[PDB]
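Only one chain comes next, encoded as structure tokens, the form deposited in one PDB entry.
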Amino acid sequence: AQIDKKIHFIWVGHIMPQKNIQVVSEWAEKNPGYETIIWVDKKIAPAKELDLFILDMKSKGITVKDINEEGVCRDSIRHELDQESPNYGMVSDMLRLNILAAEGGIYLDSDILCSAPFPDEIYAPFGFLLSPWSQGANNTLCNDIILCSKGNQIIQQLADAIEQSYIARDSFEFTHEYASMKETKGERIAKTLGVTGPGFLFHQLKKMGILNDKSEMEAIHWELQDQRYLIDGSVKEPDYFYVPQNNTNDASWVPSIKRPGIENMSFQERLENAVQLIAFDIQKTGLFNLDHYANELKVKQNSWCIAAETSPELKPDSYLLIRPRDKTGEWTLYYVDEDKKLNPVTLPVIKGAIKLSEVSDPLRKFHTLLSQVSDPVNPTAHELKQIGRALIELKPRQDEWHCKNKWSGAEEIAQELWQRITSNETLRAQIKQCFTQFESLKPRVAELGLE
């Protein structure tokens, strides 16, 4: 069956970095017979920045599709996306299979360069193709290049299996190769690779009989497999893909970062988010890590806003950044204190002998960042992204200009989560295990165990 003439990229969370956009643009330009599509999630995205991004992509002739609008976001995927710190690797691993089932075509990571265009028609014997090449290595297994015909059954089976793998993530034991991988690569990377990544894929392909007994995790031996599953039906290096030695991959999902706007949400909003996520865990597995949710919820970074002028309503204990009326004018940063007083954050004009404190000053670094904005009246999505990032993490030496970020402790939050969950009679009855290391809550987990 013919591979549908679509090239699919995924970027969820904040806005796709410039480097990645350049890569996508190159793929689009070099493969004009294919529709190039960037997939996003509008539900967690920063709305203003995403709007700018979409308009930009339209101007470059790149289609943007939303995972929710197209119906490719399973509940399990929504579940990871709505976490306060999503594993975007897991999300992307799951989404690519659902997109391919729905539309067919070619999934690519945006950290692979195009060294040759695809054939105008690709005909796949089993409606499904993998690359023997990944991250500059030949005769390997990876999941960053996947081709199929719309509605392919292998792709559909993989999508179902990865959903089950993900749902079972908190029962995942670091054994076999993963015991080692935990030690070498760390817990986050090991678990990702095993649950949704090339580890998951390896085991699923073996179960399906697509890889035979001669194939091993770290020695796939494509030359001993059915090469009709491979692009161009061969283990030979494909012409299409290139990476330089000094950047074989981006590992962009590895940092654990809060999703957009967490720091600006109300406690009650965040709490209810956690409650719904826990409810899903309980319904699907009967098991939830209470500490995961509590340890996320306790984090309060700086609240912030970028506006044209004093917002119709001020947020107490936050930063408010005001753009100039003209492209030449200076920005104004305010610390909005707990009583909603605008405290202007300013710096003296310095020259002559350089003070080593001032070069290392958070506020001067911030000021420098603002000065490099091309058009203060019309900042780009990436500019807004960088300024927001700076504001979230800004820690002035002046206590008068420092956000207080007064917030509940993890244990108190966990107690509240426990009460709300266990007060639901249906949920209570569905709990089989609860992971907690909170001293006040271990007892309550024992109490329910008796019941």
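So that the term is clear: the rigid core is the largest set of C-alpha atoms that superpose within 1.5 Å between two forms. Residue numbers here begin at 1 and follow the sequence given.
Just so it is clear, the following notes concern the form deposited in another entry, a form of the same protein that is not shown.
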Practice task
Give the option from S234, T285, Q157, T310 whose C-alpha shifts by 2 Å or more between the shown form and the other one; the alignment is on the rigid core.
Solution key: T310
Handout entry: Displaced residue check between the shown form and the other one: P344, CA, 2 Å or over, core reference
Key = yes
Practice task
Could you tell me whether the Cα atom of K327 shifts by at least 2 Å between the shown form and the other one after core superposition?
Solution key: no
Problem - Core-superposed comparison between the shown form and the other one, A116 Cα displacement 2 Å or beyond - result: no
Problem - Cα-Cα trend for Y335 and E309, given that in the other form the distance shifts by 3 Å or more - result: farther
